[PDB]
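Enquirer: Got a structure for you, questions after.
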Amino acid sequence: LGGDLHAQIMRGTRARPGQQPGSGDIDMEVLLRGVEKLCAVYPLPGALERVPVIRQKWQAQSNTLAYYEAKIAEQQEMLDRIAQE
Amino acid sequence: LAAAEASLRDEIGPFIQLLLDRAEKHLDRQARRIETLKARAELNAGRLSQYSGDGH
């Protein structure tokens, strides 16, 4: 079983299951693509609906995670500035 | 395709539970990433404050 593209994105998923302790979204990008393919052909309403809704939440949260990562980088830059001074 | 995917994918109903588990684990993974991001942010704040106190 398992879809072809589902198997491809799953291959990448199993290739990077938990090698990301802290980051905005890197492997989660291919997971976003996976849920896109899924919802394009996913069944079971009610249980389904929350998956694309939360997918949109994940997209907005991806932008927010990019903001968090960039702001943490800014904090690190300010720290390096104070340390240098 | 309406009735076709309905009957087919409903029979696929056991498979989709794993897909739900995938999405749930993705959420938990980014949640732990958010925890690490918070750790980094607080680390930068505390370390910058310590460096300021050392040089002030």
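Ordering of the structure tokens sets the chain letters (A, B, ...), residue numbers begin anew at 1 in every chain, and ligands are numbered from 1 in the order given.
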Each residue of chain A with at least one atom at most 10 Å from stretch 27-50 of chain B should appear once, together with its nearest atom pair and the corresponding distance in Å (one decimal); atoms considered: only C-alpha atoms; ordering: chain, then increasing residue number; output as a Markdown table.

Expert:
```
| residue | atom | partner | partner_atom | distance |
| --- | --- | --- | --- | --- |
| A:17 | CA | B:29 | CA | 9.0 |
| A:18 | CA | B:29 | CA | 7.6 |
| A:20 | CA | B:33 | CA | 7.4 |
| A:21 | CA | B:33 | CA | 5.7 |
| A:22 | CA | B:33 | CA | 4.5 |
| A:23 | CA | B:33 | CA | 5.9 |
| A:24 | CA | B:33 | CA | 7.1 |
| A:25 | CA | B:30 | CA | 7.7 |
| A:27 | CA | B:30 | CA | 9.9 |
| A:28 | CA | B:30 | CA | 7.8 |
| A:54 | CA | B:27 | CA | 9.2 |
| A:55 | CA | B:27 | CA | 9.9 |
| A:58 | CA | B:27 | CA | 8.4 |
| A:61 | CA | B:30 | CA | 9.6 |
| A:62 | CA | B:30 | CA | 9.5 |
| A:65 | CA | B:34 | CA | 7.8 |
| A:68 | CA | B:37 | CA | 7.2 |
| A:69 | CA | B:37 | CA | 7.1 |
| A:71 | CA | B:41 | CA | 8.3 |
| A:72 | CA | B:41 | CA | 5.4 |
| A:73 | CA | B:41 | CA | 8.7 |
| A:74 | CA | B:44 | CA | 9.4 |
| A:75 | CA | B:44 | CA | 5.8 |
| A:76 | CA | B:44 | CA | 5.7 |
| A:77 | CA | B:44 | CA | 9.1 |
| A:78 | CA | B:48 | CA | 7.6 |
| A:79 | CA | B:48 | CA | 4.9 |
| A:80 | CA | B:48 | CA | 8.1 |
| A:81 | CA | B:48 | CA | 9.2 |
| A:82 | CA | B:48 | CA | 6.8 |
| A:83 | CA | B:48 | CA | 7.6 |
```

Enquirer: Would you mind exporting the chosen residues as an mmCIF file, in the first residue's frame, restricted to N, CA and C atoms?

Expert:
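Dumped everything to part-v2.cif:
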```cif
data_model
loop_
_atom_site.group_PDB
_atom_site.id
_atom_site.type_symbol
_atom_site.label_atom_id
_atom_site.label_comp_id
_atom_site.auth_asym_id
_atom_site.auth_seq_id
_atom_site.Cartn_x
_atom_site.Cartn_y
_atom_site.Cartn_z
ATOM 1 N N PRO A 17 13.327 11.822 10.668
ATOM 2 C CA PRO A 17 12.213 11.772 11.626
ATOM 3 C C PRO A 17 12.340 12.734 12.797
ATOM 4 N N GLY A 18 13.512 12.755 13.438
ATOM 5 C CA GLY A 18 13.758 13.587 14.604
ATOM 6 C C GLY A 18 15.128 14.224 14.695
ATOM 7 N N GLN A 20 15.891 17.289 14.101
ATOM 8 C CA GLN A 20 15.655 18.735 14.136
ATOM 9 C C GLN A 20 15.201 19.157 15.528
ATOM 10 N N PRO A 21 16.139 19.353 16.468
ATOM 11 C CA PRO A 21 15.710 19.792 17.809
ATOM 12 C C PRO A 21 15.146 21.201 17.822
ATOM 13 N N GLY A 22 15.769 22.126 17.090
ATOM 14 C CA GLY A 22 15.325 23.507 17.015
ATOM 15 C C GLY A 22 15.538 24.106 15.642
ATOM 16 N N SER A 23 14.458 24.590 15.037
ATOM 17 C CA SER A 23 14.468 25.200 13.715
ATOM 18 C C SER A 23 13.048 25.653 13.427
ATOM 19 N N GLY A 24 12.908 26.565 12.470
ATOM 20 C CA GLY A 24 11.577 27.023 12.142
ATOM 21 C C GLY A 24 10.809 25.923 11.438
ATOM 22 N N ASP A 25 11.138 25.676 10.167
ATOM 23 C CA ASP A 25 10.496 24.632 9.361
ATOM 24 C C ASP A 25 11.413 24.311 8.188
ATOM 25 N N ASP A 27 12.265 20.316 7.487
ATOM 26 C CA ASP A 27 11.646 19.049 7.133
ATOM 27 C C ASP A 27 10.138 19.218 7.095
ATOM 28 N N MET A 28 9.617 20.126 7.927
ATOM 29 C CA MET A 28 8.195 20.419 7.938
ATOM 30 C C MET A 28 7.719 20.972 6.592
ATOM 31 N N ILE A 54 -5.704 22.905 9.967
ATOM 32 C CA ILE A 54 -4.462 22.955 10.701
ATOM 33 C C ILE A 54 -3.292 23.075 9.731
ATOM 34 N N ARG A 55 -3.454 22.672 8.469
ATOM 35 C CA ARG A 55 -2.387 22.852 7.496
ATOM 36 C C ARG A 55 -2.223 24.331 7.215
ATOM 37 N N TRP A 58 -0.530 25.680 9.993
ATOM 38 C CA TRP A 58 0.887 25.377 9.897
ATOM 39 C C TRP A 58 1.573 26.308 8.923
ATOM 40 N N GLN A 61 1.807 29.484 10.808
ATOM 41 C CA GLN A 61 2.786 29.213 11.838
ATOM 42 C C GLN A 61 4.164 29.017 11.236
ATOM 43 N N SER A 62 4.260 28.676 9.950
ATOM 44 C CA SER A 62 5.560 28.558 9.312
ATOM 45 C C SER A 62 6.147 29.939 9.159
ATOM 46 N N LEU A 65 7.105 30.938 12.549
ATOM 47 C CA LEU A 65 8.314 30.241 12.959
ATOM 48 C C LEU A 65 9.520 30.873 12.296
ATOM 49 N N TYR A 68 10.135 33.848 14.358
ATOM 50 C CA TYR A 68 10.774 33.488 15.621
ATOM 51 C C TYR A 68 12.247 33.172 15.411
ATOM 52 N N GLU A 69 12.568 32.436 14.345
ATOM 53 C CA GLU A 69 13.957 32.098 14.063
ATOM 54 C C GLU A 69 14.758 33.345 13.713
ATOM 55 N N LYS A 71 14.062 36.453 14.615
ATOM 56 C CA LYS A 71 14.188 37.286 15.805
ATOM 57 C C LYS A 71 15.185 36.683 16.781
ATOM 58 N N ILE A 72 15.251 35.350 16.867
ATOM 59 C CA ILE A 72 16.242 34.714 17.727
ATOM 60 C C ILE A 72 17.627 34.980 17.159
ATOM 61 N N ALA A 73 17.736 35.006 15.828
ATOM 62 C CA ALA A 73 19.006 35.330 15.198
ATOM 63 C C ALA A 73 19.368 36.780 15.491
ATOM 64 N N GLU A 74 18.365 37.664 15.544
ATOM 65 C CA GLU A 74 18.620 39.063 15.880
ATOM 66 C C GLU A 74 19.086 39.183 17.323
ATOM 67 N N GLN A 75 18.497 38.386 18.219
ATOM 68 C CA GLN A 75 18.918 38.392 19.615
ATOM 69 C C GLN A 75 20.355 37.901 19.722
ATOM 70 N N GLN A 76 20.695 36.869 18.943
ATOM 71 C CA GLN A 76 22.055 36.342 18.933
ATOM 72 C C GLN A 76 23.024 37.376 18.365
ATOM 73 N N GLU A 77 22.585 38.133 17.354
ATOM 74 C CA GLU A 77 23.429 39.172 16.770
ATOM 75 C C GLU A 77 23.671 40.293 17.771
ATOM 76 N N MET A 78 22.628 40.690 18.508
ATOM 77 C CA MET A 78 22.786 41.723 19.527
ATOM 78 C C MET A 78 23.706 41.226 20.632
ATOM 79 N N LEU A 79 23.602 39.936 20.962
ATOM 80 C CA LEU A 79 24.469 39.337 21.966
ATOM 81 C C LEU A 79 25.915 39.377 21.503
ATOM 82 N N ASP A 80 26.149 39.038 20.234
ATOM 83 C CA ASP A 80 27.494 39.079 19.679
ATOM 84 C C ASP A 80 28.019 40.507 19.661
ATOM 85 N N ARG A 81 27.134 41.477 19.416
ATOM 86 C CA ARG A 81 27.529 42.882 19.400
ATOM 87 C C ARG A 81 27.972 43.331 20.788
ATOM 88 N N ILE A 82 27.181 42.999 21.815
ATOM 89 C CA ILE A 82 27.532 43.371 23.185
ATOM 90 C C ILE A 82 28.807 42.657 23.612
ATOM 91 N N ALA A 83 28.958 41.389 23.219
ATOM 92 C CA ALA A 83 30.156 40.635 23.568
ATOM 93 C C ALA A 83 31.387 41.237 22.907
#
```

Enquirer: Do you have the atom CA of residue A:42-atom CA of residue B:12 distance handy?

Expert: 9.8 Å

Enquirer: Residues near residue A:51, anyone? I mean within 10 Å using only C-alpha atoms, not counting same-chain ones fewer than 6 positions away, as a VMD selection string.

Expert: (chain A and resid 35 to 36 38 to 39 42 45 57 to 58) or (chain B and resid 19 to 20 23 to 24)

Enquirer: Could you please write out, as a ChimeraX atom specification, every residue of chain A that DSSP assigns to helix (DSSP H, G or I)?

Expert: /A:4-15,27-41,50-84

Enquirer: So which one's closest to residue A:40, A:59, A:26, A:84, A:52? Using only C-alpha atoms, please.

Expert: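 Under the stated criterion, the closest residue is A:52.
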
Enquirer: Write out as a PyMOL selection string the residues lying within 10 Å of residue A:85, counting only C-alpha atoms and excluding same-chain residues fewer than 6 positions away.

Expert: (chain A and resi 79) or (chain B and resi 51-52+55)

Enquirer: So the first atom is atom CA of residue A:15 and the second is atom CA of residue A:44; what is the distance between them in Å, to one decimal place?

Expert: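 Straight-line distance from atom CA of residue A:15 to atom CA of residue A:44 works out to 28.3 Å.
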